[PDB]
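First the structure, in the form of structure tokens, and then the observations on it.
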Amino acid sequence: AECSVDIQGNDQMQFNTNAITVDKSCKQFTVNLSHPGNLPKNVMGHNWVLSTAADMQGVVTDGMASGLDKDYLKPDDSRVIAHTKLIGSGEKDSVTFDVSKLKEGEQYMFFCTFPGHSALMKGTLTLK
Ligand SMILES: [Hg+2]
Ligand SMILES: [Hg+2]
């Protein structure tokens with residue numbers, strides 16, 4: 001939709017998109033995350049985390065080490081452009097971020113930092 005997208009993470013460790021386009025005219029962009037299924041956060045938690053592609057691995061690694069009580073995301077990580085909280089089934093979280101934090105000629109990735117999820121739960125985010 002305009003300057004916004006709705007995203008689902010399911011019980012099979014899947015997002016329902018692997019590619020997000022952000023319209024350059026947008027002043028900010030919003031992601032609304034939900035979690036179909038019936039499994040809880042500790043088992044099948046999802047978040048939506050944005051970083052440059054170059055920074056993704058560092059964020060994933062430091063997030064795992066941060067623990068479940070930190071939503072598997074390092075607090076105040078300067079590499080995380082925007083993020084939701086970790087959610088289980090039946091829950092919702094959203095994030096709005098300034099589009100000025102993105103540039104052209106930079107590859108962005110979105111992913112989930114729950115342990116082992118990012119191998120499957122990841123995609124591209126592009127400003128155009
Ligand atoms: Hg996940
Ligand atoms: Hg990556």
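Each chain in the structure tokens gets a letter, A, B and so on, in the order shown; residues start at 1 in every chain, and ligands are counted from 1 in the order they appear.
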Could you pull out the residues sitting within 6 Å of ligand 1, using only C-alpha atoms and all ligand atoms, and write them as a PyMOL selection string?
-> chain A and resi 13+45-46+112+114+117
Counting only C-alpha atoms and all ligand atoms, which protein, DNA or RNA residues come within 7 Å of ligand 2, given as a list in words?
->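 Residues lying within 7 Å of ligand 2: residues 53, 56, 57 and 109 of chain A.
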Segment 61-65 of chain A: which residues within 8 Å, counting only C-alpha atoms, same-chain residues fewer than 3 positions away excluded, as JSON, numbers by chain?
-> {"A": [57, 58, 71, 72, 73, 74, 113, 114, 115]}
File of the preceding selection, N, CA and C atoms, as a compact mmCIF listing (two decimals), in the first residue's frame:
```
# COMPACT_ATOMS: atom_id res chain seq x y z
N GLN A 57 24.67 -9.67 9.11
CA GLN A 57 25.19 -10.81 9.87
C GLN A 57 25.54 -10.41 11.29
N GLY A 58 26.12 -9.22 11.41
CA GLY A 58 26.51 -8.70 12.71
C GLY A 58 25.31 -8.53 13.61
N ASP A 71 14.47 -9.98 23.08
CA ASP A 71 13.85 -10.21 21.78
C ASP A 71 14.90 -10.60 20.73
N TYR A 72 15.99 -11.18 21.20
CA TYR A 72 17.08 -11.61 20.33
C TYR A 72 17.55 -10.47 19.41
N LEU A 73 17.71 -9.29 20.00
CA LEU A 73 18.17 -8.11 19.29
C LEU A 73 19.04 -7.26 20.24
N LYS A 74 20.28 -6.96 19.85
CA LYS A 74 21.16 -6.17 20.71
C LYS A 74 20.58 -4.78 20.93
N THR A 113 15.49 -12.04 13.66
CA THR A 113 16.70 -12.37 14.40
C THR A 113 16.49 -13.50 15.39
N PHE A 114 15.32 -14.10 15.37
CA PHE A 114 15.11 -15.26 16.23
C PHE A 114 16.11 -16.33 15.80
N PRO A 115 16.67 -17.06 16.75
CA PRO A 115 17.74 -18.05 16.47
C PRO A 115 17.44 -19.00 15.32
```
With distances taken over only C-alpha atoms, which of A:23, A:93, A:55, A:104 is nearest to residue 78 of chain A?
->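 So, comparing all the options, the nearest one is A:55.
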Using atom CA of residue 33 of chain A and atom CA of residue 3 of chain A as the two end points, give the distance in Å to one decimal.
->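 It comes out at 14.6 Å.
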Neighbour list for residue 34 of chain A as a PDB file with C-alpha atoms, in the first residue's frame, cut-off 12 Å, only C-alpha atoms, skip fewer than 3 positions in-chain:
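The result, written out as result-v7.pdb:
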```pdb
ATOM      1  CA  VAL A   5       3.132  -2.777   3.989  1.00  0.00           C
ATOM      2  CA  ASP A   6       1.521  -5.540   6.034  1.00  0.00           C
ATOM      3  CA  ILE A   7       3.710  -8.598   6.650  1.00  0.00           C
ATOM      4  CA  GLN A   8       3.024 -12.007   8.204  1.00  0.00           C
ATOM      5  CA  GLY A   9       5.439 -14.491   9.788  1.00  0.00           C
ATOM      6  CA  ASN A  10       3.905 -17.961  10.117  1.00  0.00           C
ATOM      7  CA  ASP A  11       4.463 -21.231  12.081  1.00  0.00           C
ATOM      8  CA  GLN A  14       8.171 -17.918   6.661  1.00  0.00           C
ATOM      9  CA  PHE A  15       7.497 -14.252   5.902  1.00  0.00           C
ATOM     10  CA  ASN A  16       4.881 -13.652   3.185  1.00  0.00           C
ATOM     11  CA  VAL A  31       5.714  -2.217   8.420  1.00  0.00           C
ATOM     12  CA  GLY A  37      -0.598 -19.818  13.447  1.00  0.00           C
ATOM     13  CA  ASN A  38      -0.662 -20.971  17.019  1.00  0.00           C
ATOM     14  CA  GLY A  45       8.986 -15.763  17.607  1.00  0.00           C
ATOM     15  CA  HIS A  46       9.272 -13.279  14.764  1.00  0.00           C
ATOM     16  CA  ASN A  47      10.485  -9.716  14.412  1.00  0.00           C
ATOM     17  CA  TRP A  48      11.101  -7.511  11.421  1.00  0.00           C
ATOM     18  CA  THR A  84       9.616  -4.384  15.555  1.00  0.00           C
ATOM     19  CA  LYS A  85       9.523  -6.372  18.755  1.00  0.00           C
ATOM     20  CA  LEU A  86       9.554 -10.167  18.742  1.00  0.00           C
ATOM     21  CA  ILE A  87       6.013 -11.615  18.545  1.00  0.00           C
ATOM     22  CA  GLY A  88       4.326 -14.943  18.894  1.00  0.00           C
ATOM     23  CA  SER A  89       1.132 -16.188  17.231  1.00  0.00           C
ATOM     24  CA  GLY A  90      -1.907 -13.967  17.480  1.00  0.00           C
ATOM     25  CA  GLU A  91       0.211 -10.899  18.291  1.00  0.00           C
ATOM     26  CA  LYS A  92       0.901  -7.693  16.328  1.00  0.00           C
ATOM     27  CA  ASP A  93       3.655  -5.115  16.166  1.00  0.00           C
ATOM     28  CA  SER A  94       4.538  -2.336  13.779  1.00  0.00           C
ATOM     29  CA  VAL A  95       7.352   0.059  13.053  1.00  0.00           C
TER      30      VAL A  95
END
```
Distance query residue 110 of chain A at most 7 Å, only C-alpha atoms, self and fewer than 6 positions along chain excluded, as a PyMOL selection string | chain A and resi 48-51+122-125
For N, CA and C atoms, I'd like the residues from the last selection saved as a compact mmCIF listing (two decimals), in the first residue's frame.
```txt
# COMPACT_ATOMS: atom_id res chain seq x y z
N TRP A 48 10.73 -8.01 12.72
CA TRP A 48 11.10 -7.51 11.42
C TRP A 48 12.16 -6.49 11.68
N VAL A 49 13.35 -6.78 11.19
CA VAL A 49 14.52 -5.98 11.46
C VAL A 49 15.15 -5.54 10.15
N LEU A 50 15.52 -4.27 10.07
CA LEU A 50 16.13 -3.68 8.86
C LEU A 50 17.55 -3.17 9.10
N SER A 51 18.45 -3.53 8.20
CA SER A 51 19.81 -3.07 8.26
C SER A 51 20.36 -3.06 6.84
N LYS A 122 14.06 -13.74 5.51
CA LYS A 122 14.80 -12.60 5.05
C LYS A 122 14.41 -12.14 3.67
N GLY A 123 14.64 -10.86 3.40
CA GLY A 123 14.33 -10.37 2.08
C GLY A 123 15.02 -9.05 1.82
N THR A 124 14.77 -8.50 0.65
CA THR A 124 15.40 -7.25 0.26
C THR A 124 14.46 -6.10 0.51
N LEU A 125 15.02 -4.93 0.79
CA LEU A 125 14.24 -3.70 0.88
C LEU A 125 14.93 -2.68 0.01
```
Which neighbours of residue 105 of chain A fall inside 10 Å, counting only C-alpha atoms, when residues of the same chain fewer than 3 positions from it are skipped, and could you give them as an MDAnalysis selection string?
-> chainID A and resid 102 108 126:127
Go ahead and write the selection's residues with C-alpha atoms as a JSON list (two decimals), in the first residue's frame.
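Output contents, as saved in selection-v8.json:
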```json
[["chain", "number", "residue", "atom", "x", "y", "z"],
["A", 102, "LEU", "CA", 17.91, 5.11, 3.46],
["A", 108, "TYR", "CA", 19.11, -3.23, 2.48],
["A", 126, "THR", "CA", 14.77, -1.21, -1.86],
["A", 127, "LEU", "CA", 14.21, 2.50, -2.27]]
```
Rounded to one decimal in Å, what is the spacing between atom CA of residue 35 of chain A and atom CA of residue 12 of chain A?
->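 Result for atom CA of residue 35 of chain A versus atom CA of residue 12 of chain A: 10.7 Å, one decimal.
From atom CA of residue 54 of chain A back to atom CA of residue 69 of chain A, the distance works out to 26.0 Å.
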Identify which of the residues A:116, A:98, A:128, A:68 lies closest to residue 41 of chain A, counting only C-alpha atoms when measuring atom-to-atom distances.
->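 Of A:116, A:98, A:128, A:68, the one nearest residue 41 of chain A, counting only C-alpha atoms, is A:68.
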Which residue of A:42, A:17, A:118, A:4 approaches residue 97 of chain A most closely, using only C-alpha atoms |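 Of A:42, A:17, A:118, A:4, the one nearest residue 97 of chain A is A:4, counting only C-alpha atoms.
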Which of chain A counts as strand (DSSP E) under DSSP, as a ChimeraX atom specification please?
-> /A:4-8,19-22,28-34,49-52,82-83,92-98,108-111,122-127
Writing out the chosen residues with N, CA and C atoms as an mmCIF file, in the first residue's frame:
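Saved result, selection06.cif, follows:
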```cif
data_model
loop_
_atom_site.group_PDB
_atom_site.id
_atom_site.type_symbol
_atom_site.label_atom_id
_atom_site.label_comp_id
_atom_site.auth_asym_id
_atom_site.auth_seq_id
_atom_site.Cartn_x
_atom_site.Cartn_y
_atom_site.Cartn_z
ATOM 1 N N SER A 4 3.560 1.920 3.215
ATOM 2 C CA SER A 4 3.207 0.986 4.273
ATOM 3 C C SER A 4 3.126 -0.402 3.658
ATOM 4 N N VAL A 5 3.378 -1.435 4.452
ATOM 5 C CA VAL A 5 3.132 -2.777 3.989
ATOM 6 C C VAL A 5 2.766 -3.600 5.208
ATOM 7 N N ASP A 6 1.919 -4.608 4.992
ATOM 8 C CA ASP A 6 1.521 -5.540 6.034
ATOM 9 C C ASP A 6 2.235 -6.856 5.767
ATOM 10 N N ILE A 7 2.878 -7.406 6.792
ATOM 11 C CA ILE A 7 3.710 -8.598 6.650
ATOM 12 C C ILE A 7 3.319 -9.614 7.699
ATOM 13 N N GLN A 8 3.340 -10.895 7.314
ATOM 14 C CA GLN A 8 3.024 -12.007 8.204
ATOM 15 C C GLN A 8 4.244 -12.929 8.357
ATOM 16 N N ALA A 19 10.461 -9.251 -0.677
ATOM 17 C CA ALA A 19 10.878 -8.036 -1.363
ATOM 18 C C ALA A 19 9.949 -6.901 -1.068
ATOM 19 N N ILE A 20 10.504 -5.828 -0.509
ATOM 20 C CA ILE A 20 9.750 -4.632 -0.177
ATOM 21 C C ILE A 20 10.260 -3.429 -0.962
ATOM 22 N N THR A 21 9.358 -2.742 -1.656
ATOM 23 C CA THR A 21 9.736 -1.526 -2.345
ATOM 24 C C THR A 21 9.263 -0.311 -1.564
ATOM 25 N N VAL A 22 10.189 0.605 -1.290
ATOM 26 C CA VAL A 22 9.853 1.845 -0.600
ATOM 27 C C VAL A 22 9.887 2.965 -1.617
ATOM 28 N N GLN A 28 8.256 8.670 5.349
ATOM 29 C CA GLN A 28 8.524 7.549 6.227
ATOM 30 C C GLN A 28 7.853 6.305 5.653
ATOM 31 N N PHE A 29 8.189 5.175 6.240
ATOM 32 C CA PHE A 29 7.676 3.909 5.799
ATOM 33 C C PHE A 29 7.317 3.069 7.000
ATOM 34 N N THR A 30 6.229 2.332 6.877
ATOM 35 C CA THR A 30 5.666 1.569 7.988
ATOM 36 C C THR A 30 5.493 0.083 7.643
ATOM 37 N N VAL A 31 5.918 -0.776 8.556
ATOM 38 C CA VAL A 31 5.714 -2.217 8.420
ATOM 39 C C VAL A 31 4.866 -2.689 9.549
ATOM 40 N N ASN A 32 3.789 -3.411 9.215
ATOM 41 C CA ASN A 32 2.869 -3.964 10.209
ATOM 42 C C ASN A 32 3.017 -5.465 10.182
ATOM 43 N N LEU A 33 3.524 -6.026 11.273
ATOM 44 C CA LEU A 33 3.843 -7.434 11.332
ATOM 45 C C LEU A 33 2.781 -8.191 12.113
ATOM 46 N N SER A 34 2.361 -9.338 11.603
ATOM 47 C CA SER A 34 1.463 -10.200 12.367
ATOM 48 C C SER A 34 1.961 -11.621 12.294
ATOM 49 N N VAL A 49 13.354 -6.782 11.192
ATOM 50 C CA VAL A 49 14.524 -5.982 11.455
ATOM 51 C C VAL A 49 15.150 -5.544 10.150
ATOM 52 N N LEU A 50 15.520 -4.271 10.069
ATOM 53 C CA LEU A 50 16.128 -3.682 8.863
ATOM 54 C C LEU A 50 17.547 -3.174 9.098
ATOM 55 N N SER A 51 18.445 -3.531 8.203
ATOM 56 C CA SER A 51 19.812 -3.068 8.260
ATOM 57 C C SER A 51 20.360 -3.063 6.842
ATOM 58 N N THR A 52 21.539 -2.505 6.639
ATOM 59 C CA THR A 52 22.173 -2.688 5.341
ATOM 60 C C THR A 52 22.444 -4.161 5.184
ATOM 61 N N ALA A 82 15.582 0.057 11.604
ATOM 62 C CA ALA A 82 14.255 0.036 12.203
ATOM 63 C C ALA A 82 13.990 -1.409 12.621
ATOM 64 N N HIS A 83 13.081 -1.606 13.563
ATOM 65 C CA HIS A 83 12.720 -2.951 13.975
ATOM 66 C C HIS A 83 11.416 -2.945 14.749
ATOM 67 N N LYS A 92 0.604 -8.709 17.354
ATOM 68 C CA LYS A 92 0.901 -7.693 16.328
ATOM 69 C C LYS A 92 1.922 -6.668 16.810
ATOM 70 N N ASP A 93 2.838 -6.285 15.924
ATOM 71 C CA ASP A 93 3.655 -5.115 16.166
ATOM 72 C C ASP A 93 4.004 -4.418 14.863
ATOM 73 N N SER A 94 4.267 -3.132 14.962
ATOM 74 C CA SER A 94 4.538 -2.336 13.779
ATOM 75 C C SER A 94 5.709 -1.440 14.030
ATOM 76 N N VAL A 95 6.313 -0.955 12.952
ATOM 77 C CA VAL A 95 7.352 0.059 13.053
ATOM 78 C C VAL A 95 7.246 1.041 11.888
ATOM 79 N N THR A 96 7.410 2.309 12.224
ATOM 80 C CA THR A 96 7.501 3.415 11.259
ATOM 81 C C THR A 96 8.911 3.986 11.343
ATOM 82 N N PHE A 97 9.526 4.215 10.187
ATOM 83 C CA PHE A 97 10.825 4.819 10.177
ATOM 84 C C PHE A 97 10.978 5.842 9.055
ATOM 85 N N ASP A 98 11.808 6.835 9.313
ATOM 86 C CA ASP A 98 12.143 7.821 8.311
ATOM 87 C C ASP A 98 12.850 7.274 7.116
ATOM 88 N N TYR A 108 19.690 -2.985 1.174
ATOM 89 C CA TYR A 108 19.113 -3.229 2.484
ATOM 90 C C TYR A 108 18.495 -4.607 2.527
ATOM 91 N N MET A 109 18.585 -5.193 3.708
ATOM 92 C CA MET A 109 17.942 -6.466 4.013
ATOM 93 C C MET A 109 17.013 -6.318 5.209
ATOM 94 N N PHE A 110 15.866 -6.994 5.148
ATOM 95 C CA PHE A 110 15.031 -7.203 6.317
ATOM 96 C C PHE A 110 15.056 -8.694 6.685
ATOM 97 N N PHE A 111 14.939 -8.957 7.966
ATOM 98 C CA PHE A 111 15.098 -10.308 8.454
ATOM 99 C C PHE A 111 14.515 -10.461 9.852
ATOM 100 N N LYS A 122 14.058 -13.743 5.505
ATOM 101 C CA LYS A 122 14.799 -12.596 5.046
ATOM 102 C C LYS A 122 14.414 -12.137 3.665
ATOM 103 N N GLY A 123 14.639 -10.863 3.402
ATOM 104 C CA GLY A 123 14.330 -10.365 2.078
ATOM 105 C C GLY A 123 15.023 -9.052 1.819
ATOM 106 N N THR A 124 14.771 -8.503 0.650
ATOM 107 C CA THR A 124 15.401 -7.254 0.261
ATOM 108 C C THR A 124 14.455 -6.095 0.512
ATOM 109 N N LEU A 125 15.025 -4.929 0.786
ATOM 110 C CA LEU A 125 14.245 -3.696 0.882
ATOM 111 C C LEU A 125 14.932 -2.681 0.009
ATOM 112 N N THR A 126 14.171 -2.128 -0.925
ATOM 113 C CA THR A 126 14.766 -1.214 -1.865
ATOM 114 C C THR A 126 14.022 0.096 -2.018
ATOM 115 N N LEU A 127 14.776 1.188 -2.036
ATOM 116 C CA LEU A 127 14.210 2.497 -2.269
ATOM 117 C C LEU A 127 14.175 2.808 -3.743
#
```
